[PDB]
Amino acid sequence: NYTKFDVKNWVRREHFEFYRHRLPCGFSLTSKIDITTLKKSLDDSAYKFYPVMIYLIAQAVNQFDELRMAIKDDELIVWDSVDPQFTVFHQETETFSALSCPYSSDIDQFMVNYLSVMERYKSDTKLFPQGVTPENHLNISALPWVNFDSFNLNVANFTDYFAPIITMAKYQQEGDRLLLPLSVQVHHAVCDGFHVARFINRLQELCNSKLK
């Protein structure tokens, strides 16, 4: 569930109106995450790369209100917590589906939740096997077959859609660092450059930290 944001006392109330109504826009930015440390943490564990990245991304998002915003009854709200909606691939059809699972700050509980959803739905070729996407969501996708330096979604109508869209590519070694490309796409009504940078820098810190 959610709270109504106090727009009238917000430092960004002018910006919110401006980028929602006067100059509606968002932006994407693609950055490399250094996963050198994370790969060492992983290689010494039983967790898999994609669910760990999902967990760390969702953890970072759940720290920052402006990454959990939405419009409900034409008012700005903030979800208390958001769950990741992530894509999965079906090699037999060469199609993908979107699944979600409950976020938990505990990585072991997260992994339980994830592996359970995968067990039930990993072969289901419906686009949305679980039915309606949780309203409190953040979108995560990977393209593990190719490296990219840039990714951008051209959406014909993004009116009042404020959930961040995160896309990863195939990681690759670049000199002395193992680098994961990560695109983050937001609506400027709720996120400026500073908030996106804060998110990325926090995710980088999480990748460089003990997993638990």
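In this text, residue numbers run from 1 along the sequence as written.
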Taking the deposited Cα B-factors and averaging over 28 to 36 and over 169 to 177, the higher mean is found in 169 to 177
Stretch exceeding the other in mean C-alpha B-factor - 145 to 153, 60 to 68: 60 to 68
Among the choices 77, 132, 98, 140, identify the one whose CA B-factor in the record is greatest. 132
Ranking the modelled residues of this chain by C-alpha B-factor as given in the entry, is residue 186 in the lowest, middle or highest third? lowest
